[PDB]
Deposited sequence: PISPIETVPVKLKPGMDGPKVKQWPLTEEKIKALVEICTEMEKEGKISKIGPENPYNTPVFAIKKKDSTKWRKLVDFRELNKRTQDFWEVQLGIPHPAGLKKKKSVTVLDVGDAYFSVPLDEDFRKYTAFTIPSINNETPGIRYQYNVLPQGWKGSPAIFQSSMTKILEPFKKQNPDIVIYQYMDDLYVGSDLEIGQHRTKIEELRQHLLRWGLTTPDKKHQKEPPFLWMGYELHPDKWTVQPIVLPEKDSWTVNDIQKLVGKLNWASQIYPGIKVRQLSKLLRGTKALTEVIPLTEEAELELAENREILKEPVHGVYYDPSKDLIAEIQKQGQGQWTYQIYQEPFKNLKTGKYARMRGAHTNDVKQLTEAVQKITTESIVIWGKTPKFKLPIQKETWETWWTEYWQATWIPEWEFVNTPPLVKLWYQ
């Protein structure tokens, strides 16, 4: 018996009608045991064929957790509620959250089930629990309360949240708190000991206000940027000078002051790839002068809030992956490298799933926005397995790309 903030699909578009993808018996079980319980609690309740809307759902275990979390893919709804969240209520992004020596991510999504949801909107939370082999038809529900993972839910709960938090924020003014969907990012420069204590401390503030919380730590001050680097060579084979020249030629789309002229001239005749040609000083100095232009920043690269972020990931082999975040080509906001992620040396799809998450996470701590991925994978492979390795409560946007490697040169 409290008010309910009405919600509307931005003009012209209908509710999400998207199909439920097949689930494992494992996961279908977890949803059944999860939904019957959420029904008993009147969080969701059964629905009929008069409601022709569907959003996909599946289940996950969070990292280092043996407990099953339900997950709805509200991506399509969030696109169709979008004007509502972006234009109506803004959430200021702390530029310092990224500078903190430690940042913990707490899962607060459960609190959202407190607030009721506007009855006219509920027909848009429809999701099917599928059956193995189509033996039964689907068990269909819709959300009565604020659904986890919808973009309106953290918005409408914005007010209620800011309330419960003000004591801690007031008592601890030096601690930074951000909220992105079902997740709460909390970070501080306190030594981890007093930090972990302050997080438990933060846990009570919401624990006693009626919330549950199923390590979480990040270390943003330590986040490194992978700069472009030309190899260190004693003696150069023709092939070396060439791979070098080509790479430099690529880099110059990014850094315009690059010149290949004297390094280029070194290759003049028709010579064996493996013959060793010595570096003239005039080129040797141009190359080293090039190595310089490559420790710098790039004129006019800055984050622009209105534009979407784009992330490109490359498989470098032997467990390594490189990525780049940018909103416009060749103007990169961050570049990096990953190695020895889970699955390294055994499962590429696992590693990339891991990769997409680590990238999405930094993307949220830094600009407070999830990127759109260009995934180096065939559609169906990713689409078939990505759901097994997924440990996150959000779902970034992605498209599939194939590039035979000339862009691999991000890493030696």
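Engineer: Point out each run of deposited residues with no C-alpha coordinates, keeping the order of the sequence.
Structural biologist: Missing C-alpha atoms (numbering from 1) occur across the ranges 1-3, 218-230.
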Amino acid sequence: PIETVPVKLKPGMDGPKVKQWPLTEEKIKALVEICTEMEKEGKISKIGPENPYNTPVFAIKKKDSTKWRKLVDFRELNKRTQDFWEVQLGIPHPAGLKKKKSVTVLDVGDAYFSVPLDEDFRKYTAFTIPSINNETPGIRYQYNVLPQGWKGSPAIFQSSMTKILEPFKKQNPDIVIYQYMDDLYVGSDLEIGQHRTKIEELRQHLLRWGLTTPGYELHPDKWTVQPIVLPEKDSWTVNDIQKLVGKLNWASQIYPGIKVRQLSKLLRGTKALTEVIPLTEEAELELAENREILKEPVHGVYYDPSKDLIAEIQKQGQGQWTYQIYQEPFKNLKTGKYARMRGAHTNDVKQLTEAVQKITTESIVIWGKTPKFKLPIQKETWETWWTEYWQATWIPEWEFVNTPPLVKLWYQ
From here on, numbers count along this sequence of modelled residues.
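Basically, rigid core = biggest C-alpha set you can superpose within 1.5 Å across the two forms.
Engineer: Between 134-142 and 320-328, report the one with more C-alpha displacement in 6 other deposited structures of this protein relative to this form after a rigid core superposition.
Structural biologist: Once the cores are fitted, 134-142 deviates more in 6 other deposited structures of this protein.
Engineer: Find the stretch among 25-33 and 60-68 with the larger RMS C-alpha deviation in 6 other deposited structures of this protein, all structures being superposed on the shown form by the rigid core.
Structural biologist: Of 25-33 and 60-68, the stretch deviating more in 6 other deposited structures of this protein is 60-68.
Engineer: Tell me which stretch has the larger mean Cα B-factor in this entry, 112-120 or 191-199.
Structural biologist: If you average the C-alpha B-factors of 112-120 and of 191-199, the larger mean comes out for 191-199.
Engineer: So 222-230 or 235-243, which one's hotter by mean CA B-factor in the entry?
Structural biologist: Stretch with the higher mean C-alpha B-factor: 222-230.
Engineer: Among the candidates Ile325, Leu273, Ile164, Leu77, give the one with the maximum CA B-factor reported in the record.
Structural biologist: Of the candidates given, the C-alpha B-factor peaks at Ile164.
Engineer: Could you say which of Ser102, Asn249, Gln88, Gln142 has its CA atom at the highest B factor, as listed in the PDB entry?
Structural biologist: Highest CA B-factor of the listed options: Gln88.
Engineer: Relative to the other modelled residues in the chain, which third contains the C-alpha temperature factor of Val18: lowest, middle or highest?
Structural biologist: For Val18, whose C-alpha B-factor we compare with every modelled residue in the chain, the answer is the middle third.
Engineer: What third of its chain, lowest, middle or highest, does the C-alpha temperature factor of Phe168 fall into?
Structural biologist: As the PDB entry reports it, the C-alpha B-factor of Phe168 lands in the highest third of its chain.
Engineer: Which third of the chain does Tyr338 land in by C-alpha B-factor: lowest, middle or highest?
Structural biologist: Lowest third, going by the recorded CA B-factors of the chain.
Engineer: In terms of the CA temperature factor given in the entry, to which third of its chain does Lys98 belong: lowest, middle or highest?
Structural biologist: As the PDB entry reports it, the C-alpha B-factor of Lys98 lands in the middle third of its chain.
Engineer: Ranking every modelled residue in this chain by its Cα temperature factor as given in the entry, which third contains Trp321?
Structural biologist: For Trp321, whose C-alpha B-factor we compare with every modelled residue in the chain, the answer is the lowest third.
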